[PDB]
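# Fold and contact review
So the chains spell out like this:
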Amino acid sequence: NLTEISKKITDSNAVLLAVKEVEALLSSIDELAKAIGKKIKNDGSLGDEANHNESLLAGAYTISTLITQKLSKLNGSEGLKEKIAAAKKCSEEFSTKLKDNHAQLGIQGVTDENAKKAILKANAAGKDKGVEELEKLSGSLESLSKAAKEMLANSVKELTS
Amino acid sequence: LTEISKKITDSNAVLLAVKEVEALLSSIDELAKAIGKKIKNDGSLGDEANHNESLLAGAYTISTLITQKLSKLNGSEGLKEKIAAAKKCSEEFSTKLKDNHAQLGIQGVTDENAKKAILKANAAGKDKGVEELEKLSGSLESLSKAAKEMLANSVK
């Protein structure tokens, strides 16, 4: 029956698209981390302008709460409920850790070093102001993403049996 | 059924890249709301004006991620031209940001100039990047409709 398969595909694709939106929000924070202590140069490269990171981190913070918000609305019956919940828990822990470090992350003149302990994956100087939570959230959304992609693959495969 | 199987497969992948590019644009909208702001103990944003240079560098590096995602999107006939158009718009957006480095790449980037670069519908003007951002957003909307329409005609 082609109709049953047609709905299976559209529903699997819709869940994948919803998950990939959250993972792209996460990937944008990785892009923000590249800009810590940087300014745009005339030639398109980045140059140093150190320790003015507060509004960059403020942007990273509201993206992180947008991640939690979008994950809170995903409740289908497909079977990803436990992977979704694990990602939402990680997203809350990341936002709470940022907010909890406002004395270094929410002042005029936030330093490069403190910003990197918040959003730079694999930061060498430490991970105590958000990075550990960011890495876990990243892995949690990536697991979910691969899982929803494999569901879409198996639904599209049913077209030919 | 053969025709439809390809159209589903080709439209899904384009939809995938587009929705992830649109999420990157939503991240730039969050950056725009954070202009001149800092984090507070309760999660709200408080005012701390005119230090937007790394925020703008962050928007800029996102804009190059958008272009790279669009440049490797290698789609089917009937979507290829809308892909190429979106790629061109994303390039014009990054170019306009860098061309305005005299206001956007200095120590102490002002709230006013940051808003003319990344805040959609900024009241004082759109002359440092917003016009290109609005055009890129419209170009992605055209592409999204065309690819989602192929999936619909495919469910026939």
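Residues numbered from 1 in each chain as written, not as in the entry; some residues may be left out. Chains lettered and ligands numbered in written order. Heavy atoms only, no water. Residues with missing side-chain atoms left out of burial classes, pairs and counts.

Structure determination for the deposited model, as stated in its record, used X-ray crystallography, and the stated resolution is 1.8500 Å.

### Here we look at the overall build of chain B
Within chain B, the regular secondary structure consists of 6 helices and 2 strands. Reading chain B from its N end, one meets helices and strands in the order α-β-β-α-α-α-α-α. Oriented by its inertia axes, the alpha-carbon framework of chain B measures out at about 60 × 35 × 25 Å. (Helix = DSSP H or I, 4+ residues; strand = E, 2+ residues; numbered from the N terminus.)

### A closer look at the overall build of chain A
If you tally the helices and strands in chain A, you get 6 helices and 2 strands. Mapped from its N terminus to its C terminus, chain A presents α and β elements in the order α-β-β-α-α-α-α-α. Buried positions account for 52% of the 161 residues belonging to chain A. A fraction of 68% describes how many contacts in chain A between residues 6 or more apart in sequence connect residues 24 or more apart. In chain A, 24 positive and 24 negative side-chain charges are present, and the distance between their average locations comes to 2 Å. (Buried < 20%, exposed > 50% of the residue type's maximum accessible area, 1.4 Å probe, protein only. Contact = heavy atoms within 4.5 Å. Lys, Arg positive; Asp, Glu negative; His and termini not counted. Charge placed at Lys NZ, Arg CZ, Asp CG, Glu CD.)

### Digging into the interface of chain A and chain B
Listed by partner, the interface residues are 46 residues for chain A and 47 residues for chain B. Approximately 4000 Å² of surface area, both sides summed, lies buried where chain A meets chain B, with 69% of it carried by carbon and sulfur atoms. Area buried by chain A at its contact with chain B is led by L17, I40 and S55 of chain A, which between them contribute 16% of it. Across the contact surface, chain A and chain B share 0 salt bridges. At the surface where chain A touches chain B, the tally comes to 8 residue pairs in polar contact. Going through the elements one at a time, helix 1 (2-34), strand 1 (38-40), helix 2 (54-72), helix 4 (102-105) and helix 6 (131-157) of chain A are the ones with two or more residues in the side of chain A that touches chain B. Here the residues of the side of chain A that touches chain B are counted per class, giving 20 nonpolar, 16 polar and 10 charged. (Buried area = accessible area lost by both parts, 1.4 Å probe. Salt bridge = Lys/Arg side-chain N within 4 Å of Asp/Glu carboxyl O. Polar contact = N/O pair within 3.5 Å; in protein donor to acceptor, adjacent residues only side chain to side chain. Nonpolar A, V, L, I, M, F, W, Y, C, P; charged D, E, K, R; others polar.)

### Topic: unusual backbone geometry
For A122 of chain A, which is not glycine, the phi dihedral falls at a positive 65°. Relative to the elements of secondary structure, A122 of chain A occurs in the loop between helix 5 (112-119) and helix 6. Even without being a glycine, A121 of chain B presents a positive backbone phi close to 65°. The exposure class of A121 of chain B is exposed, given its relative accessible area of 62%.

### Brief notes about the side chain of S140 of chain A
Checked against the element boundaries, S140 of chain A lands in helix 6. Overall, the relative accessible area of 13% leaves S140 of chain A in the buried class.

### So, the packing of helix 2 of chain A against helix 1 (residues 2-33) of chain B
Contact geometry of helix 2 of chain A with helix 1 of chain B gives a least axis separation of 8 Å together with a crossing angle of 130°. Relative to helix 1 of chain B, the element helix 2 of chain A is oriented oblique. Two packed elements cross with a definite hand, and for helix 2 of chain A against helix 1 of chain B that hand is right-handed. Residues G59, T62, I63 and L66 of chain A of helix 2 of chain A form the contact with helix 1 of chain B, whose own contacting residues are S27, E30 and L31 of chain B. Here the contact of helix 2 of chain A with helix 1 of chain B is built from residues that sort into 3 nonpolar, 3 polar and 1 charged. (Axes fitted to C-alpha atoms, helices over the stretch in contact; angles between N-to-C directions. Parallel < 35°, antiparallel > 145°, perpendicular 65-115°, else oblique. Left-handed = near helix turned anticlockwise from the far one by under 90°.)

### Brief notes about the pattern of salt bridges
Counted by the stated rule, this structure contains 25 salt bridges over all chains. The partner of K146 of chain A in a salt bridge is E142 of chain A, with the nearest N and O atoms 2.8 Å apart. In this pair, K146 of chain A and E142 of chain A are both assigned in helix 6, 4 residues apart and thus about one turn of the helix distant. Note that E20 of chain B and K69 of chain B form a salt bridge whose closest N and O atoms lie 2.3 Å from each other.

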